[PDB]
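Heads up, upload_38.cif below (mmCIF, C-alpha atoms and all ligand atoms):
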data_data
loop_
_atom_site.label_atom_id
_atom_site.label_comp_id
_atom_site.auth_asym_id
_atom_site.auth_seq_id
_atom_site.Cartn_x
_atom_site.Cartn_y
_atom_site.Cartn_z
CA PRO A 2 -2.10 22.97 -29.05
CA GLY A 3 -5.08 24.07 -31.09
CA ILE A 4 -7.08 27.27 -31.00
CA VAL A 5 -9.80 28.15 -28.49
CA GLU A 6 -13.38 28.33 -29.76
CA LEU A 7 -15.25 31.41 -28.59
CA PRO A 8 -18.81 32.61 -29.26
CA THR A 9 -19.32 35.73 -31.31
CA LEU A 10 -20.32 38.98 -29.62
CA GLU A 11 -23.72 38.91 -31.35
CA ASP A 12 -24.35 35.49 -29.79
CA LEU A 13 -23.73 36.99 -26.33
CA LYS A 14 -26.44 39.65 -26.56
CA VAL A 15 -29.56 39.29 -24.42
CA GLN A 16 -32.05 41.52 -22.65
CA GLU A 17 -30.47 42.52 -19.35
CA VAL A 18 -31.85 42.53 -15.81
CA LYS A 19 -30.72 45.99 -14.70
CA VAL A 20 -32.13 46.25 -11.18
CA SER A 21 -29.82 46.81 -8.23
CA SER A 22 -28.90 44.25 -5.58
CA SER A 23 -31.46 45.56 -3.08
CA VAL A 24 -34.25 45.14 -5.64
CA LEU A 25 -33.08 41.60 -6.40
CA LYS A 26 -32.83 40.74 -2.70
CA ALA A 27 -36.28 42.14 -1.88
CA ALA A 28 -37.84 39.79 -4.46
CA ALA A 29 -35.42 36.88 -4.03
CA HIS A 30 -37.80 34.43 -2.33
CA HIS A 31 -40.69 34.86 -4.77
CA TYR A 32 -38.21 34.88 -7.67
CA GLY A 33 -36.81 31.52 -6.57
CA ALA A 34 -40.33 30.20 -6.09
CA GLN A 35 -41.57 31.24 -9.54
CA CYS A 36 -38.59 30.97 -11.92
CA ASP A 37 -37.28 27.72 -10.41
CA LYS A 38 -37.48 25.49 -13.49
CA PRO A 39 -35.30 27.47 -15.97
CA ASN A 40 -32.80 28.29 -13.22
CA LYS A 41 -32.47 24.64 -12.22
CA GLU A 42 -32.11 23.62 -15.87
CA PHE A 43 -29.34 26.19 -16.33
CA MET A 44 -27.55 25.08 -13.16
CA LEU A 45 -27.72 21.41 -14.17
CA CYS A 46 -26.32 22.28 -17.60
CA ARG A 47 -23.58 24.35 -15.96
CA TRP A 48 -22.51 21.65 -13.50
CA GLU A 49 -22.71 18.80 -16.03
CA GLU A 50 -21.05 20.40 -19.06
CA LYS A 51 -18.34 22.20 -17.03
CA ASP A 52 -18.11 24.71 -19.89
CA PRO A 53 -19.79 28.15 -20.00
CA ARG A 54 -19.89 28.02 -23.82
CA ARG A 55 -22.38 25.11 -23.84
CA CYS A 56 -25.13 26.67 -21.67
CA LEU A 57 -25.78 30.02 -23.35
CA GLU A 58 -29.40 29.37 -24.37
CA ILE B 121 42.11 -51.88 -0.37
CA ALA B 122 39.85 -51.14 -3.33
CA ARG B 123 37.10 -53.42 -2.02
CA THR B 124 37.28 -52.05 1.54
CA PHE B 125 37.84 -48.30 1.18
CA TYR B 126 36.75 -47.20 -2.31
CA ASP B 127 33.96 -47.39 -4.88
CA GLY B 128 34.07 -47.84 -8.64
CA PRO B 129 34.77 -45.04 -11.10
CA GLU B 130 31.14 -44.87 -12.28
CA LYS B 131 29.97 -43.33 -8.99
CA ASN B 132 32.42 -40.42 -9.19
CA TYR B 133 31.81 -40.06 -12.94
CA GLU B 134 28.03 -39.72 -12.64
CA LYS B 135 28.22 -37.59 -9.49
CA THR B 136 30.45 -35.24 -11.49
CA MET B 137 27.82 -35.20 -14.24
CA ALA B 138 25.10 -34.23 -11.74
CA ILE B 139 27.27 -31.53 -10.15
CA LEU B 140 28.14 -30.05 -13.54
CA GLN B 141 24.49 -29.96 -14.59
CA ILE B 142 23.49 -28.16 -11.38
CA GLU B 143 26.29 -25.61 -11.67
CA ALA B 144 25.66 -24.86 -15.35
CA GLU B 145 21.95 -24.35 -14.68
CA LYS B 146 22.78 -21.99 -11.81
CA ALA B 147 25.12 -19.95 -14.02
CA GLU B 148 22.49 -19.63 -16.76
CA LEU B 149 19.89 -18.59 -14.18
CA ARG B 150 22.22 -15.92 -12.78
CA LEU B 151 22.80 -14.42 -16.23
CA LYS B 152 19.07 -14.51 -16.98
CA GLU B 153 18.24 -12.79 -13.68
CA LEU B 154 20.75 -10.02 -14.39
CA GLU B 155 19.23 -9.42 -17.83
CA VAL B 156 15.68 -9.42 -16.41
CA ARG B 157 16.72 -6.94 -13.71
CA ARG B 158 18.20 -4.61 -16.32
CA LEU B 159 15.09 -4.72 -18.52
CA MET B 160 12.67 -4.29 -15.60
CA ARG B 161 14.55 -1.31 -14.21
CA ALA B 162 14.78 0.28 -17.66
CA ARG B 163 11.12 -0.10 -18.65
CA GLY B 164 9.23 -0.30 -15.36
CA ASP B 165 6.66 -2.66 -16.89
CA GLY B 166 7.24 -5.62 -14.57
CA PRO B 167 6.56 -6.49 -10.93
CA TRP B 168 9.96 -5.13 -9.88
CA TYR B 169 10.95 -1.48 -9.44
CA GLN B 170 7.36 -0.33 -9.00
CA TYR B 171 7.45 3.09 -7.41
CA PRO B 172 4.37 4.50 -5.65
CA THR B 173 2.00 6.92 -7.35
CA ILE B 174 -0.91 8.85 -5.87
CA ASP B 175 -3.97 6.75 -5.08
CA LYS B 176 -6.91 7.71 -7.28
CA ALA B 177 -9.28 6.76 -4.44
CA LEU B 178 -8.30 10.00 -2.67
CA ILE B 179 -10.13 12.17 -5.24
CA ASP B 180 -13.43 13.79 -4.26
CA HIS B 181 -15.94 13.50 -7.12
CA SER B 182 -18.49 15.93 -5.72
CA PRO B 183 -19.92 19.24 -6.93
CA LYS B 184 -17.46 21.92 -5.88
CA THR B 185 -19.53 25.12 -5.36
CA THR B 186 -18.35 26.10 -8.85
CA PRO B 187 -19.48 24.35 -12.05
CA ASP B 188 -15.95 24.22 -13.54
CA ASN B 189 -14.38 22.49 -10.51
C1 LIG C 201 47.58 -56.92 6.50
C2 LIG C 201 49.04 -56.39 6.32
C3 LIG C 201 49.39 -56.13 4.81
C4 LIG C 201 48.62 -54.90 4.23
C5 LIG C 201 48.70 -53.64 5.16
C6 LIG C 201 47.91 -52.41 4.57
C7 LIG C 201 47.87 -51.20 5.57
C8 LIG C 201 46.46 -50.52 5.63
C9 LIG C 201 46.04 -50.11 7.09
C10 LIG C 201 46.29 -48.58 7.36
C11 LIG C 201 44.97 -47.74 7.33
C12 LIG C 201 44.84 -46.89 6.02
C13 LIG C 201 44.28 -45.45 6.29
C14 LIG C 201 42.73 -45.45 6.47
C15 LIG C 201 42.01 -44.43 5.51
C16 LIG C 201 40.54 -44.87 5.16
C17 LIG C 201 39.48 -43.81 5.65
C18 LIG C 201 38.17 -43.84 4.82
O1 LIG C 201 38.42 -43.35 3.56
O2 LIG C 201 37.70 -45.18 4.71
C19 LIG C 201 36.40 -45.36 5.21
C20 LIG C 201 36.30 -46.76 5.87
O3 LIG C 201 36.33 -46.59 7.29
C21 LIG C 201 37.20 -47.47 7.96
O4 LIG C 201 36.66 -47.80 9.20
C22 LIG C 201 38.57 -46.79 8.17
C23 LIG C 201 39.19 -47.13 9.56
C24 LIG C 201 40.73 -46.82 9.62
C25 LIG C 201 41.12 -45.95 10.87
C26 LIG C 201 42.57 -46.23 11.35
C27 LIG C 201 42.68 -46.34 12.92
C28 LIG C 201 44.03 -47.00 13.40
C29 LIG C 201 44.44 -46.53 14.85
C30 LIG C 201 45.48 -47.50 15.55
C31 LIG C 201 44.93 -48.09 16.91
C32 LIG C 201 45.76 -49.34 17.41
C33 LIG C 201 45.61 -49.61 18.95
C34 LIG C 201 45.62 -48.29 19.81
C35 LIG C 201 46.03 -48.56 21.29
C36 LIG C 201 45.80 -47.34 22.21
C37 LIG C 201 35.39 -45.26 4.06
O5 LIG C 201 34.07 -45.20 4.63
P1 LIG C 201 32.78 -45.70 3.68
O6 LIG C 201 31.63 -44.73 3.81
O7 LIG C 201 32.32 -47.07 4.14
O8 LIG C 201 33.27 -45.78 2.09
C38 LIG C 201 32.49 -46.55 1.17
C39 LIG C 201 33.46 -47.50 0.38
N1 LIG C 201 33.06 -48.93 0.56
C40 LIG C 201 31.77 -49.11 -0.14
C41 LIG C 201 34.12 -49.76 -0.08
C42 LIG C 201 32.86 -49.47 1.93
#
Can you present the structure in this file as structure tokens?
Amino acid sequence: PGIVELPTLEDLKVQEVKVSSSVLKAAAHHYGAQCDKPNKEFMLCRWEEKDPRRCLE
Amino acid sequence: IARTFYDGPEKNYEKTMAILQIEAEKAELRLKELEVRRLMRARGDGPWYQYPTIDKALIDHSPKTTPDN
């Protein structure tokens, strides 16, 4: 039935947000106010493509 | 007796012709209907023997709290 295409491990590397859930929650409102545009772009890509491999960037 | 109680042979002759035509057409139609029934039940591509499938109008085409449905 064909093979499954998967990204390489090197393609999956990115600088990580390594703050705990309390830190994220304390800044959640301002974070959603400031970083809205890239997050909305990512969510639109995610819900339109229906494939996690097409919204890595 | 012939003049009072009976008709000429042509009436019975041509009535027989009409009856034979009707009966032969009915026999051909019966055979054709049997063949059509067989083909329609075998293939399912005609008006007959149409069995219900799920209505596609029942599907919800909305975002589903998860991008991948
Ligand atoms: C005269 C002496 C020498 C010759 C004797 C010959 C004997 C013949 C008499 C006996 C009667 C024969 C039997 C009758 C069968 C005929 C029935 C039917 O097939 O005929 C119909 C004809 O109907 C007649 O009305 C038949 C009447 C006969 C009924 C007999 C009744 C006798 C009862 C006795 C009663 C006496 C007194 C009683 C006291 C209480 C046809 O209808 P129709 O749709 O047009 O056909 C089209 C053909 N055309 C175009 C030529 C006209």
message: Please identify all residues of chain A having at least one atom at most 8 Å from any atom of chain B, considering only C-alpha atoms, and return them as a PyMOL selection string.
response: chain A and resi 47-49+51-52
field: At most 6 Å from ligand LIG 201 (chain C) (only C-alpha atoms and all ligand atoms): residue list as a PyMOL selection string
entry: chain B and resi 123-127
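Straight-line separation from CA of residue 54 (chain A) to CA of residue 29 (chain A): 26.7 Å.
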field: Residues within 12 Å of residue 57 (chain A), only C-alpha atoms, excluding chain neighbours under 4 positions, as a PyMOL selection string
entry: chain A and resi 7-9+12-15+42-44+46-47+50+52-53
- prompt: Skipping near chain neighbours, those fewer than 4 positions away, what residues fall within 8 Å of residue 169 (chain B) using all atoms listed in the file, listed as a list in words?
  reply: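 With the cut-off at 8 Å, the set is residues 160, 161 and 164 of chain B.
Across the structure, CA of residue 30 (chain A) and CA of residue 16 (chain A) are spaced 22.3 Å apart.
Distance-wise, CA of residue 6 (chain A) and CA of residue 56 (chain A) end up 14.4 Å apart.
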